[PDB]
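To begin, one chain is listed below as structure tokens, in the form deposited in one PDB entry.
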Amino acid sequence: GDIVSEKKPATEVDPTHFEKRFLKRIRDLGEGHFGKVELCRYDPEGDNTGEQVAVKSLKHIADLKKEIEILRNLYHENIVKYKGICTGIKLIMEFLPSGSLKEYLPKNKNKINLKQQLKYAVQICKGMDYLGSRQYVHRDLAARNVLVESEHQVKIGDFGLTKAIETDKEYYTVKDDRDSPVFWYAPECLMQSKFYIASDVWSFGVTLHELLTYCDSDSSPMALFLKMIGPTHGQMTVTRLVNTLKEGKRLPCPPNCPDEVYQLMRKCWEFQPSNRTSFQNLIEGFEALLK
């Protein structure tokens, strides 16, 4: 008889599925090593009216898929929104036009006083506490990974190194560590590549320092540390860092930072993880300073 085709089923539209043919690149937002994030417009009508989105791709497939599964199931006002995927696979996120603290703080000093800084600090802590409650370690908390939604709101905006801590275990052991942000890392991470929730508290301390210096490049943790230890030690750098930290030396108080803010910061940097403050205690500390 007649050619037998297949009865077409009712094709619903998934709002989390972005078609590659309509995803149009505008510019690069950031990158390094294995992955990159690009600003695109998803423009299915082809008239330049479509939504702008942040697209994370690979320059490692399984890592990105894990990252996508983590972000997709995180819901918090201080965590960047998952929008969908393009399938190889690309992670589609909301685009925050003010960028990260790295871009925004140098340009908005007149706008952002100590009060607004402590409010960001509180919001970064709330996000991180949420992540910790879901049994995750972030491993990459730095100002460049903190996005500005508005003058009054920040969100944690990249989860590429985030790992799950096994239930009834205190830490995660890392193998791939070539490209570690060592000037943000707690001693136990540098020495044994173990990562506690308290190690994120340490990194938070260093992120708070960056906030307080408005992410000035000449006051960056890397810059300040390389002054403390020496900028020309090559592969001996990390060991000299570990050594300086053992001796009890820490980043200095930022200019115009009240001692009471600086002490909250120093509690992030107790050498022993069990001696460090928690995110909830940081929150309480900042809120007491705020009112």
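C-alpha atoms forming the largest set that superposes within 1.5 Å between two forms make up the rigid core. Residue numbers here begin at 1 and follow the sequence given.
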Deposited but uncoordinated residues in the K59/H60 interval: 4 to 9
Residues of the deposited chain absent from the coordinates between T87 and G88 total 4 to 9
Looking at the deposited entry, does 115-123 or 128-136 carry the larger mean Cα B-factor? 128-136
The stretch carrying the higher mean Cα B factor in the deposited entry, 274-282 or 5-13, is 5-13
Highest CA B factor of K81, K155, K194, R144, as deposited, is found at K194
Looking at the C-alpha B-factor values in the deposited entry, which of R72, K169, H76, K163 comes out highest? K169
Quick check on the deposited entry: does the C-alpha B-factor of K175 sit in the lowest, middle or highest third of its chain? highest
Could you place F225 in the lowest, middle or highest third of its chain by Cα temperature factor, using the values in the record? middle
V37's Cα B-factor: lowest, middle or highest third of the chain? lowest
By the entry's values, the third containing the CA B factor of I26 is the middle
Going by what the PDB entry lists, where does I68 fall on CA B-factor within its chain: lowest, middle or highest third? lowest
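The next section is about a form of this same protein that is not shown, the form deposited in another entry.
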Comparing between this form and the one not shown on the core: of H33, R266, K246, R240, the CA moving 2 angstroms or more sits at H33
Taking the rigid core as reference, does the Cα of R178 move 2 Å or more between this form and the one not shown? yes
Say whether the C-alpha atoms of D177 and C268 sit closer together or farther apart in that other deposited form than in the form shown here, given that their separation changes by 3 Å or more. farther
Relative Cα spacing, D177 and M265, in that other deposited form - shift of 3 Å or more: farther
